[PDB]
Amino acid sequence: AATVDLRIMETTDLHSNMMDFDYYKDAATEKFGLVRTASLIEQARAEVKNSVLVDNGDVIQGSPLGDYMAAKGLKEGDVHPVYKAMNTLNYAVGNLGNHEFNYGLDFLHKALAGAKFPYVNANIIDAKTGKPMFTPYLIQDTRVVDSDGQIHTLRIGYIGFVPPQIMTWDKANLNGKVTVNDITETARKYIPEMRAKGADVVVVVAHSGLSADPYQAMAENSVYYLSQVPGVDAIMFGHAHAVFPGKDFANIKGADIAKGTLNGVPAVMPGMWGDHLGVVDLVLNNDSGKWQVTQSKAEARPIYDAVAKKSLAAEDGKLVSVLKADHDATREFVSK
């Protein structure tokens, strides 16, 4: 009769903002940057015994560092600066966002190969074979400790999703090479497979926003429908660049903004560019023979207090150090 606490943390829509630096203003900021969101990560890890960290994608594109690296290109064996940073943070898994496709599939494969953590995506299919182009889900053996100090191997399943709209947004890069299936339909079909293979917890990492529209296949923003799929234990999301739980979502049926649940499922969307860290806390109990979630909550933790005008997250010294060369090159690139 063990009780386990599990914390799941999430970065989303970093958009290659590794540095807390605005290259157009050519000046530092306290408002965004992974180097600051890393302080929120370290703090959240220290508050608990058991934790895991995921990235929700839209990470290799969308700021000058990204622009610089796209223009520079990647040769075989190169490590993209976002992974130079993220490889030090012990991510459990990465998910693909729509902007990961903006520079073509070759560029993407080379970029992902530099990550020292696995990537998932379940809904993109190789047009040549009918096989998922990527690993659709990961079941990861995770060492955890219960409330009595007893150690267990928890089998945590992670499954990732991208908007089907990449077929439009990146038509030139993707047309004839891949197709993309409906998010909810893909979740419904894989979750039973994952449970049959021994997943104890199922973590959806969805690069997709939240909408109250009635379900329709190929919906870009599918988090509502995901929250109704049996066996979903948590939803780590993004794409919308908004904050959940939060007031923007007060009018959605089954959204408990105080708890951070959507139809009883903990869910979090931590804004954009590293300006929040997503934090889901689950309570698990195995006294029925299976691990079951008995309590859950979620919040998005800001790096900056907007009312009080103060930072809540220091600039991480070591990451700045790792990024130094690429930061200078980025300053170079923007001036040229």
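In case it trips you up, residue 1 is the first one in the sequence shown, and so on.
Remark: stretch with higher mean C-alpha B factor among 16-24 and 311-319 is 311-319. Once the C-alpha B-factors are averaged per stretch, 201-209 and 144-152 rank with 144-152 first. Comparing C-alpha B-factors across 126, 233, 220, 76 in the deposited entry, the largest value falls on 76.
Between the residues 284, 279, 54, 59, the entry's highest C-alpha temperature factor is the one at 284.
Residue 240: CA B factor lies in the lowest third for its chain, per the PDB record. Among the modelled residues of the chain, residue 260 sits in the middle third by CA temperature factor in this PDB entry. In this PDB entry, the Cα temperature factor of residue 72 sits in the top third of its chain's modelled residues, the highest group. In the deposited entry, the Cα temperature factor of residue 163 places it in the lowest third of its chain's modelled residues. Residue 97: CA B factor lies in the lowest third for its chain, per the PDB record.
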